[PDB]
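Trainee: File entry-v6.pdb follows (PDB, C-alpha atoms and all ligand atoms):
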ATOM      1  CA  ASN A 701      24.132 -22.980   5.770  1.00  0.00           C
ATOM      2  CA  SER A 702      21.295 -22.543   8.262  1.00  0.00           C
ATOM      3  CA  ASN A 703      18.257 -24.867   7.701  1.00  0.00           C
ATOM      4  CA  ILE A 704      15.703 -22.191   8.594  1.00  0.00           C
ATOM      5  CA  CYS A 705      14.834 -18.835   6.901  1.00  0.00           C
ATOM      6  CA  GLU A 706      16.669 -15.972   8.566  1.00  0.00           C
ATOM      7  CA  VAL A 707      13.527 -13.796   8.396  1.00  0.00           C
ATOM      8  CA  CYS A 708      10.583 -16.043   9.446  1.00  0.00           C
ATOM      9  CA  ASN A 709      12.537 -18.858  11.177  1.00  0.00           C
ATOM     10  CA  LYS A 710      10.696 -21.604   9.285  1.00  0.00           C
ATOM     11  CA  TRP A 711      12.025 -24.345   7.023  1.00  0.00           C
ATOM     12  CA  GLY A 712      10.859 -24.766   3.472  1.00  0.00           C
ATOM     13  CA  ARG A 713      12.208 -23.986  -0.017  1.00  0.00           C
ATOM     14  CA  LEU A 714      15.379 -22.070   1.098  1.00  0.00           C
ATOM     15  CA  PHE A 715      18.020 -20.245  -0.977  1.00  0.00           C
ATOM     16  CA  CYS A 716      21.419 -20.241   0.613  1.00  0.00           C
ATOM     17  CA  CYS A 717      23.878 -17.315   0.771  1.00  0.00           C
ATOM     18  CA  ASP A 718      27.265 -18.081  -0.803  1.00  0.00           C
ATOM     19  CA  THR A 719      29.231 -15.776   1.464  1.00  0.00           C
ATOM     20  CA  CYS A 720      27.592 -16.341   4.810  1.00  0.00           C
ATOM     21  CA  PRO A 721      25.622 -19.201   6.361  1.00  0.00           C
ATOM     22  CA  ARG A 722      22.174 -17.527   6.142  1.00  0.00           C
ATOM     23  CA  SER A 723      19.262 -18.879   4.210  1.00  0.00           C
ATOM     24  CA  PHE A 724      15.995 -17.414   2.859  1.00  0.00           C
ATOM     25  CA  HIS A 725      12.642 -18.079   1.519  1.00  0.00           C
ATOM     26  CA  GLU A 726      12.376 -16.503  -1.927  1.00  0.00           C
ATOM     27  CA  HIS A 727       9.941 -13.686  -0.882  1.00  0.00           C
ATOM     28  CA  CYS A 728      11.275 -13.345   2.652  1.00  0.00           C
ATOM     29  CA  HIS A 729      14.557 -11.922   1.273  1.00  0.00           C
ATOM     30  CA  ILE A 730      14.303  -8.295   0.100  1.00  0.00           C
ATOM     31  CA  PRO A 731      14.747  -7.871  -2.768  1.00  0.00           C
ATOM     32  CA  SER A 732      13.205 -11.368  -3.670  1.00  0.00           C
ATOM     33  CA  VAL A 733      15.997 -13.900  -4.206  1.00  0.00           C
ATOM     34  CA  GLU A 734      17.402 -13.362  -7.688  1.00  0.00           C
ATOM     35  CA  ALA A 735      16.679 -16.043 -10.442  1.00  0.00           C
ATOM     36  CA  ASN A 736      20.232 -16.892 -11.473  1.00  0.00           C
ATOM     37  CA  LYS A 737      23.487 -15.379  -9.975  1.00  0.00           C
ATOM     38  CA  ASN A 738      25.989 -18.032  -8.847  1.00  0.00           C
ATOM     39  CA  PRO A 739      27.474 -17.137  -6.497  1.00  0.00           C
ATOM     40  CA  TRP A 740      24.633 -15.237  -4.733  1.00  0.00           C
ATOM     41  CA  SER A 741      25.234 -12.942  -1.831  1.00  0.00           C
ATOM     42  CA  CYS A 742      22.330 -12.049   0.591  1.00  0.00           C
ATOM     43  CA  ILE A 743      21.465  -8.506   1.665  1.00  0.00           C
ATOM     44  CA  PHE A 744      23.371  -8.879   4.917  1.00  0.00           C
ATOM     45  CA  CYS A 745      26.511  -9.602   2.886  1.00  0.00           C
ATOM     46  CA  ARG A 746      25.842  -6.734   0.426  1.00  0.00           C
ATOM     47  CA  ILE A 747      25.429  -4.264   3.291  1.00  0.00           C
ATOM     48  CA  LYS A 748      28.637  -5.460   4.958  1.00  0.00           C
ATOM     49  CA  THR A 749      30.483  -4.929   1.648  1.00  0.00           C
ATOM     50  CA  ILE A 750      29.316  -1.268   1.473  1.00  0.00           C
ATOM     51  CA  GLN A 751      30.654  -0.680   4.935  1.00  0.00           C
ATOM     52  CA  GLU A 752      33.962  -2.416   4.130  1.00  0.00           C
ATOM     53  CA  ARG A 753      34.498  -0.433   0.908  1.00  0.00           C
ATOM     54  CA  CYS A 754      33.869   2.883   2.755  1.00  0.00           C
ATOM     55  CA  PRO A 755      34.838   2.546   6.429  1.00  0.00           C
ATOM     56  CA  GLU A 756      34.042   6.235   6.951  1.00  0.00           C
ATOM     57  CA  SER A 757      30.383   5.435   6.149  1.00  0.00           C
ATOM     58  CA  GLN A 758      30.136   4.312   9.822  1.00  0.00           C
ATOM     59  CA  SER A 759      30.956   7.707  11.274  1.00  0.00           C
ATOM     60  CA  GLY A 760      27.949   9.459  12.876  1.00  0.00           C
ATOM     61  CA  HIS A 761      25.390  11.215  10.752  1.00  0.00           C
ATOM     62  CA  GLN A 762      22.564  13.631  11.381  1.00  0.00           C
ATOM     63  CA  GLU A 763      19.061  12.186  10.681  1.00  0.00           C
ATOM     64  CA  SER A 764      18.070  15.279   8.773  1.00  0.00           C
ATOM     65  CA  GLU A 765      20.885  14.730   6.285  1.00  0.00           C
ATOM     66  CA  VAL A 766      20.127  11.007   5.920  1.00  0.00           C
ATOM     67  CA  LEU A 767      16.458  11.701   5.195  1.00  0.00           C
ATOM     68  CA  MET A 768      17.294  14.078   2.353  1.00  0.00           C
ATOM     69  CA  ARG A 769      19.420  11.594   0.513  1.00  0.00           C
ATOM     70  CA  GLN A 770      18.294  10.602  -2.919  1.00  0.00           C
ATOM     71  CA  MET A 771      17.457   6.936  -3.420  1.00  0.00           C
ATOM     72  CA  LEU A 772      20.582   5.938  -5.346  1.00  0.00           C
ATOM     73  CA  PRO A 773      21.436   2.203  -5.355  1.00  0.00           C
ATOM     74  CA  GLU A 774      23.199   2.100  -1.964  1.00  0.00           C
ATOM     75  CA  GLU A 775      20.369   4.002  -0.185  1.00  0.00           C
ATOM     76  CA  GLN A 776      17.797   1.755  -1.942  1.00  0.00           C
ATOM     77  CA  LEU A 777      19.667  -1.236  -0.529  1.00  0.00           C
ATOM     78  CA  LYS A 778      19.889   0.205   2.950  1.00  0.00           C
ATOM     79  CA  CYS A 779      16.072   0.800   3.007  1.00  0.00           C
ATOM     80  CA  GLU A 780      15.448  -2.751   1.725  1.00  0.00           C
ATOM     81  CA  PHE A 781      17.620  -4.066   4.548  1.00  0.00           C
ATOM     82  CA  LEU A 782      15.902  -1.911   7.157  1.00  0.00           C
ATOM     83  CA  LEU A 783      12.512  -3.180   5.949  1.00  0.00           C
ATOM     84  CA  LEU A 784      13.797  -6.742   6.155  1.00  0.00           C
ATOM     85  CA  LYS A 785      14.995  -6.193   9.724  1.00  0.00           C
ATOM     86  CA  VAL A 786      11.430  -5.253  10.653  1.00  0.00           C
ATOM     87  CA  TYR A 787      10.012  -8.412   9.011  1.00  0.00           C
ATOM     88  CA  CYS A 788      12.574 -10.367  11.040  1.00  0.00           C
ATOM     89  CA  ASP A 789      10.565  -9.672  14.208  1.00  0.00           C
ATOM     90  CA  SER A 790       7.574 -11.913  14.554  1.00  0.00           C
ATOM     91  CA  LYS A 791       5.392  -9.002  15.750  1.00  0.00           C
ATOM     92  CA  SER A 792       5.630  -7.623  12.200  1.00  0.00           C
ATOM     93  CA  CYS A 793       2.738  -9.938  11.327  1.00  0.00           C
ATOM     94  CA  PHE A 794       0.381  -7.371  12.734  1.00  0.00           C
ATOM     95  CA  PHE A 795       1.588  -4.669  10.353  1.00  0.00           C
ATOM     96  CA  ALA A 796       2.227  -6.708   7.201  1.00  0.00           C
ATOM     97  CA  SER A 797      -1.015  -6.821   5.343  1.00  0.00           C
ATOM     98  CA  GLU A 798      -3.720  -4.230   4.686  1.00  0.00           C
ATOM     99  CA  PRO A 799      -5.517  -3.251   7.916  1.00  0.00           C
ATOM    100  CA  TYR A 800      -9.191  -2.397   8.454  1.00  0.00           C
ATOM    101  CA  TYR A 801     -10.733  -0.217  11.103  1.00  0.00           C
ATOM    102  CA  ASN A 802     -14.066  -0.868  12.900  1.00  0.00           C
ATOM    103  CA  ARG A 803     -13.792  -0.254  16.639  1.00  0.00           C
ATOM    104  CA  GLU A 804     -16.307   1.535  18.803  1.00  0.00           C
ATOM    105  CA  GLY A 805     -14.968   4.963  19.767  1.00  0.00           C
ATOM    106  CA  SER A 806     -12.252   5.160  17.138  1.00  0.00           C
ATOM    107  CA  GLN A 807     -12.044   6.292  13.571  1.00  0.00           C
ATOM    108  CA  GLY A 808      -9.563   4.741  11.033  1.00  0.00           C
ATOM    109  CA  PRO A 809      -6.533   6.711   9.873  1.00  0.00           C
ATOM    110  CA  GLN A 810      -6.677   9.093   6.954  1.00  0.00           C
ATOM    111  CA  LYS A 811      -3.730   7.366   5.268  1.00  0.00           C
ATOM    112  CA  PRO A 812      -3.524   3.669   6.027  1.00  0.00           C
ATOM    113  CA  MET A 813      -0.115   2.049   5.640  1.00  0.00           C
ATOM    114  CA  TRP A 814       1.367  -1.396   5.943  1.00  0.00           C
ATOM    115  CA  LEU A 815       4.641  -3.301   5.420  1.00  0.00           C
ATOM    116  CA  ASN A 816       3.714  -5.107   2.220  1.00  0.00           C
ATOM    117  CA  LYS A 817       2.670  -1.703   0.715  1.00  0.00           C
ATOM    118  CA  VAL A 818       6.109  -0.305   1.617  1.00  0.00           C
ATOM    119  CA  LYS A 819       7.722  -3.422   0.163  1.00  0.00           C
ATOM    120  CA  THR A 820       5.818  -2.938  -3.164  1.00  0.00           C
ATOM    121  CA  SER A 821       6.687   0.742  -3.191  1.00  0.00           C
ATOM    122  CA  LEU A 822      10.414  -0.017  -2.812  1.00  0.00           C
ATOM    123  CA  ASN A 823      10.238  -2.704  -5.501  1.00  0.00           C
ATOM    124  CA  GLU A 824       8.546  -0.254  -7.866  1.00  0.00           C
ATOM    125  CA  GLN A 825      11.175   2.541  -7.132  1.00  0.00           C
ATOM    126  CA  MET A 826       8.413   4.883  -5.877  1.00  0.00           C
ATOM    127  CA  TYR A 827      10.588   6.638  -3.277  1.00  0.00           C
ATOM    128  CA  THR A 828      12.935   9.307  -4.539  1.00  0.00           C
ATOM    129  CA  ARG A 829      14.499  10.062  -1.124  1.00  0.00           C
ATOM    130  CA  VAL A 830      15.103   8.153   2.071  1.00  0.00           C
ATOM    131  CA  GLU A 831      12.569  10.492   3.760  1.00  0.00           C
ATOM    132  CA  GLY A 832       9.682   8.881   1.678  1.00  0.00           C
ATOM    133  CA  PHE A 833      10.448   5.432   2.945  1.00  0.00           C
ATOM    134  CA  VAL A 834      11.012   6.501   6.558  1.00  0.00           C
ATOM    135  CA  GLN A 835       7.807   8.588   6.645  1.00  0.00           C
ATOM    136  CA  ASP A 836       5.700   5.608   5.441  1.00  0.00           C
ATOM    137  CA  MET A 837       7.363   3.267   7.970  1.00  0.00           C
ATOM    138  CA  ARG A 838       6.769   5.661  10.865  1.00  0.00           C
ATOM    139  CA  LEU A 839       3.173   6.199   9.683  1.00  0.00           C
ATOM    140  CA  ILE A 840       2.474   2.498  10.207  1.00  0.00           C
ATOM    141  CA  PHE A 841       3.160   2.802  13.937  1.00  0.00           C
ATOM    142  CA  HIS A 842       1.629   6.231  14.396  1.00  0.00           C
ATOM    143  CA  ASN A 843      -1.690   5.057  12.799  1.00  0.00           C
ATOM    144  CA  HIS A 844      -1.723   2.077  15.147  1.00  0.00           C
ATOM    145  CA  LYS A 845      -1.108   4.146  18.299  1.00  0.00           C
ATOM    146  CA  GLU A 846      -3.789   6.625  17.402  1.00  0.00           C
ATOM    147  CA  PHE A 847      -6.462   4.003  16.500  1.00  0.00           C
ATOM    148  CA  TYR A 848      -5.931   1.692  19.532  1.00  0.00           C
ATOM    149  CA  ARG A 849      -5.932   4.599  22.054  1.00  0.00           C
ATOM    150  CA  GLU A 850      -5.784   3.070  25.546  1.00  0.00           C
ATOM    151  CA  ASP A 851      -6.175  -0.531  24.520  1.00  0.00           C
ATOM    152  CA  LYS A 852      -3.079  -2.408  25.616  1.00  0.00           C
ATOM    153  CA  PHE A 853      -2.707  -3.574  21.961  1.00  0.00           C
ATOM    154  CA  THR A 854      -1.189  -0.134  21.310  1.00  0.00           C
ATOM    155  CA  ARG A 855       1.983  -1.597  22.756  1.00  0.00           C
ATOM    156  CA  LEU A 856       2.591  -3.758  19.703  1.00  0.00           C
ATOM    157  CA  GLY A 857       3.094  -0.500  17.702  1.00  0.00           C
ATOM    158  CA  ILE A 858       5.616   0.799  20.256  1.00  0.00           C
ATOM    159  CA  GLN A 859       7.466  -2.472  20.167  1.00  0.00           C
ATOM    160  CA  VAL A 860       7.803  -2.804  16.396  1.00  0.00           C
ATOM    161  CA  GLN A 861       8.600   0.930  16.072  1.00  0.00           C
ATOM    162  CA  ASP A 862      11.455   0.433  18.510  1.00  0.00           C
ATOM    163  CA  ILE A 863      12.860  -2.333  16.239  1.00  0.00           C
ATOM    164  CA  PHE A 864      12.550  -0.023  13.264  1.00  0.00           C
ATOM    165  CA  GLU A 865      14.222   2.950  14.983  1.00  0.00           C
ATOM    166  CA  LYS A 866      17.195   0.929  16.447  1.00  0.00           C
ATOM    167  CA  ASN A 867      17.846  -0.614  13.029  1.00  0.00           C
ATOM    168  CA  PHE A 868      17.505   2.814  11.296  1.00  0.00           C
ATOM    169  CA  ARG A 869      20.145   4.264  13.636  1.00  0.00           C
ATOM    170  CA  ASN A 870      22.467   1.248  13.013  1.00  0.00           C
ATOM    171  CA  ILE A 871      22.121   0.944   9.242  1.00  0.00           C
ATOM    172  CA  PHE A 872      22.356   4.663   8.496  1.00  0.00           C
ATOM    173  CA  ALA A 873      25.021   5.245  11.194  1.00  0.00           C
ATOM    174  CA  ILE A 874      23.108   7.938  12.983  1.00  0.00           C
ATOM    175  CA  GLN A 875      25.248   9.840  15.529  1.00  0.00           C
ATOM    176  CA  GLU A 876      24.818   8.461  18.998  1.00  0.00           C
ATOM    177  CA  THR A 877      23.225  10.798  21.575  1.00  0.00           C
ATOM    178  CA  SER A 878      21.857  10.818  25.164  1.00  0.00           C
TER
HETATM  179 ZN    ZN B 901      10.958 -17.048   5.456  1.00  0.00          ZN
HETATM  180 ZN    ZN B 902      25.040 -13.611   3.246  1.00  0.00          ZN
HETATM  181 ZN    ZN B 903      36.695   4.948   0.853  1.00  0.00          ZN
END
Is it possible to give me this structure as structure tokens?
Mentor:
Amino acid sequence: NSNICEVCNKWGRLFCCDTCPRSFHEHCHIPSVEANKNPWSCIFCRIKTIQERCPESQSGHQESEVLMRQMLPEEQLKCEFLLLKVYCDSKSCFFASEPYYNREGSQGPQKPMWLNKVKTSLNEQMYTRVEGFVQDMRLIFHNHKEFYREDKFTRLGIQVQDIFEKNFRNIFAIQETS
């Protein structure tokens, strides 16, 4: 197994996947690494299994259909994985914890949002459809772009949104377009 966490790239107290060489901090994995379960298979492995059991699941889909899906166990897992892919980028630090807003010439967003809030909401089964999760994720970046205006720091929101959107298209097999 790897000797660093797949998510944060640090060493520490790591749990190792039994079916692939990845390792994780307990609360870096989503969902948090399960108490018992030997063998244990990471989220990467669980997602690969879904694909392998239903090869047709990789054919192109329309976003509007994906968003209306109910949060059954496989869609729950796919959103957990997508969230984890965002945490994998180090620039996610900016969006992880609860933000505050006090900048001359700007007003804070009406509905603040952040990664750890989305993580809690998934853990608590608060989303009934994929749309709920995707709307909160996109709200993170939209709030940031609006608040930072022409400051060059707005670019961090564009960057992490791009990671989100590329992973969304990959995990939910969105039909490729020009
Ligand atoms: Zn970690
Ligand atoms: Zn694995
Ligand atoms: Zn099948």
Trainee: Using all atoms listed in the file, which of the listed residues (A:840, A:747, A:834, A:730) sits closest to residue A:813?
Mentor: A:840
Trainee: Out of A:841, A:814, A:744, A:833, which residue has the shortest atom-to-atom distance to residue A:797 when counting only C-alpha atoms?
Mentor: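 Nearest to residue A:797: A:814.
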Trainee: Within 6 Å of ligand ZN 901 (chain B), which residues of chain A come that close, and what is the closest atom pair and distance in Å for each? Count all atoms listed in the file and give it as a tab-separated table.
Mentor:
residue	atom	partner	partner_atom	distance
A:705	CA	B:ZN901	ZN	4.5
A:707	CA	B:ZN901	ZN	5.1
A:708	CA	B:ZN901	ZN	4.1
A:710	CA	B:ZN901	ZN	6.0
A:724	CA	B:ZN901	ZN	5.7
A:725	CA	B:ZN901	ZN	4.4
A:728	CA	B:ZN901	ZN	4.7
Trainee: Ligand ZN 903 (chain B): which residues are within 10 Å, counting all atoms listed in the file? Reply as a list in words.
Mentor: residues 750, 751, 752, 753, 754, 755, 756 and 757 of chain A
Trainee: Which neighbours of stretch 842-856 of chain A fall inside 10 Å, counting only C-alpha atoms, when residues of the same chain fewer than 6 positions from it are skipped, and could you give them as a PyMOL selection string?
Mentor: chain A and resi 791-792+794-795+799+801-803+805-814+836+862
Trainee: Just so the selection is clear, what residues does the PyMOL selection byres (((not hetatm)) within 10 of (chain B and resi 902)) cover here, as a list in words?
Mentor: residues 701, 716, 717, 718, 719, 720, 721, 722, 723, 724, 740, 741, 742, 743, 744, 745, 746, 747 and 748 of chain A
Trainee: In terms of the shortest atom-to-atom distance over only C-alpha atoms, which of A:822, A:837, A:733, A:704 is closest to residue A:864?
Mentor: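 The closest residue to residue A:864 is A:837.
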Trainee: Considering all atoms listed in the file, can you say which of A:737, A:785, A:713, A:727 comes closest to residue A:861?
Mentor: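 Using all atoms listed in the file, residue A:861 sits closest to A:785.
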Trainee: List the spatial neighbours of stretch 827-831 of chain A as an NGL selection string - criterion: any atom at most 12 Å away, all atoms listed in the file, same-chain residues fewer than 6 positions off excluded.
Mentor: :A and (763-780 or 782 or 818-821 or 837-839 or 868 or 872)
Trainee: Box along x, y and z, 8 Å on every side, all listed atoms of stretch 805-813 of chain A inside: centre and edge lengths in Å to one decimal, as lines of an AutoDock Vina configuration file.
Mentor:
center_x = -7.5
center_y = 5.6
center_z = 12.5
size_x = 30.9
size_y = 23.0
size_z = 30.5
Trainee: Could you tell me how far atom CA of residue A:762 lies from atom CA of residue A:729, in Å and to one decimal?
Mentor: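 Straight-line distance from atom CA of residue A:762 to atom CA of residue A:729 works out to 28.6 Å.
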Trainee: Between A:760, A:703, A:835, A:726, which has the minimum distance to residue A:875 (counting only C-alpha atoms)?
Mentor: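 Comparing A:760, A:703, A:835, A:726 against residue A:875, the winner is A:760.
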Trainee: Please, what distance in Å, to one decimal, runs between atom CA of residue A:736 and atom CA of residue A:816?
Mentor: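 The value is 24.5 Å.
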Trainee: Measuring atom to atom with only C-alpha atoms, identify which of A:824, A:784, A:815, A:869 is nearest to residue A:796.
Mentor: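 Smallest distance to residue A:796 is found for A:815.
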Trainee: Can you work out the spacing between atom CA of residue A:860 and atom CA of residue A:874 in Å, to one decimal?
Mentor: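 Atom-to-atom, atom CA of residue A:860 to atom CA of residue A:874, that is 19.0 Å.
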Trainee: Please complete stretch 846-865 of chain A so it has N, CA and C atoms, and hand it over as a PDB file, in the frame of the given file.
Mentor:
ATOM      1  N   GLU A 846      -2.580   5.769  17.367  1.00  0.00           N
ATOM      2  CA  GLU A 846      -3.789   6.625  17.402  1.00  0.00           C
ATOM      3  C   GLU A 846      -5.131   5.858  17.426  1.00  0.00           C
ATOM      4  N   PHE A 847      -5.181   4.769  16.710  1.00  0.00           N
ATOM      5  CA  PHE A 847      -6.462   4.003  16.500  1.00  0.00           C
ATOM      6  C   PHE A 847      -6.771   3.218  17.782  1.00  0.00           C
ATOM      7  N   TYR A 848      -5.751   2.581  18.343  1.00  0.00           N
ATOM      8  CA  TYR A 848      -5.931   1.692  19.532  1.00  0.00           C
ATOM      9  C   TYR A 848      -5.968   2.438  20.849  1.00  0.00           C
ATOM     10  N   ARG A 849      -5.578   3.713  20.911  1.00  0.00           N
ATOM     11  CA  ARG A 849      -5.932   4.599  22.054  1.00  0.00           C
ATOM     12  C   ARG A 849      -5.417   3.941  23.332  1.00  0.00           C
ATOM     13  N   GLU A 850      -6.276   3.572  24.276  1.00  0.00           N
ATOM     14  CA  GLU A 850      -5.784   3.070  25.546  1.00  0.00           C
ATOM     15  C   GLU A 850      -5.828   1.567  25.582  1.00  0.00           C
ATOM     16  N   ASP A 851      -6.279   0.892  24.528  1.00  0.00           N
ATOM     17  CA  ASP A 851      -6.175  -0.531  24.520  1.00  0.00           C
ATOM     18  C   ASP A 851      -4.712  -0.911  24.635  1.00  0.00           C
ATOM     19  N   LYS A 852      -4.437  -1.962  25.385  1.00  0.00           N
ATOM     20  CA  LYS A 852      -3.079  -2.408  25.616  1.00  0.00           C
ATOM     21  C   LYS A 852      -2.408  -2.893  24.285  1.00  0.00           C
ATOM     22  N   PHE A 853      -3.240  -3.157  23.289  1.00  0.00           N
ATOM     23  CA  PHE A 853      -2.707  -3.574  21.961  1.00  0.00           C
ATOM     24  C   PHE A 853      -1.888  -2.447  21.322  1.00  0.00           C
ATOM     25  N   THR A 854      -2.081  -1.222  21.767  1.00  0.00           N
ATOM     26  CA  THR A 854      -1.189  -0.134  21.310  1.00  0.00           C
ATOM     27  C   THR A 854       0.252  -0.476  21.508  1.00  0.00           C
ATOM     28  N   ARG A 855       0.605  -1.256  22.520  1.00  0.00           N
ATOM     29  CA  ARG A 855       1.983  -1.597  22.756  1.00  0.00           C
ATOM     30  C   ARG A 855       2.704  -2.342  21.637  1.00  0.00           C
ATOM     31  N   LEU A 856       1.952  -3.022  20.811  1.00  0.00           N
ATOM     32  CA  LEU A 856       2.591  -3.758  19.703  1.00  0.00           C
ATOM     33  C   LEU A 856       3.209  -2.729  18.720  1.00  0.00           C
ATOM     34  N   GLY A 857       2.575  -1.586  18.554  1.00  0.00           N
ATOM     35  CA  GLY A 857       3.094  -0.500  17.702  1.00  0.00           C
ATOM     36  C   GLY A 857       4.367   0.108  18.292  1.00  0.00           C
ATOM     37  N   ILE A 858       4.400   0.288  19.593  1.00  0.00           N
ATOM     38  CA  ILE A 858       5.616   0.799  20.256  1.00  0.00           C
ATOM     39  C   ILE A 858       6.775  -0.202  20.117  1.00  0.00           C
ATOM     40  N   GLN A 859       6.486  -1.490  20.287  1.00  0.00           N
ATOM     41  CA  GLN A 859       7.466  -2.472  20.167  1.00  0.00           C
ATOM     42  C   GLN A 859       8.079  -2.581  18.778  1.00  0.00           C
ATOM     43  N   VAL A 860       7.255  -2.621  17.738  1.00  0.00           N
ATOM     44  CA  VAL A 860       7.803  -2.804  16.396  1.00  0.00           C
ATOM     45  C   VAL A 860       8.434  -1.468  15.979  1.00  0.00           C
ATOM     46  N   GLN A 861       7.916  -0.329  16.395  1.00  0.00           N
ATOM     47  CA  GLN A 861       8.600   0.930  16.072  1.00  0.00           C
ATOM     48  C   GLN A 861       9.988   0.945  16.684  1.00  0.00           C
ATOM     49  N   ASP A 862      10.128   0.447  17.903  1.00  0.00           N
ATOM     50  CA  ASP A 862      11.455   0.433  18.510  1.00  0.00           C
ATOM     51  C   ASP A 862      12.456  -0.389  17.690  1.00  0.00           C
ATOM     52  N   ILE A 863      12.027  -1.543  17.133  1.00  0.00           N
ATOM     53  CA  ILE A 863      12.860  -2.333  16.239  1.00  0.00           C
ATOM     54  C   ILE A 863      13.240  -1.555  15.023  1.00  0.00           C
ATOM     55  N   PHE A 864      12.253  -0.914  14.414  1.00  0.00           N
ATOM     56  CA  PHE A 864      12.550  -0.023  13.264  1.00  0.00           C
ATOM     57  C   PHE A 864      13.622   1.026  13.617  1.00  0.00           C
ATOM     58  N   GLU A 865      13.353   1.803  14.649  1.00  0.00           N
ATOM     59  CA  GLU A 865      14.222   2.950  14.983  1.00  0.00           C
ATOM     60  C   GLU A 865      15.682   2.526  15.336  1.00  0.00           C
TER      61      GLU A 865
END
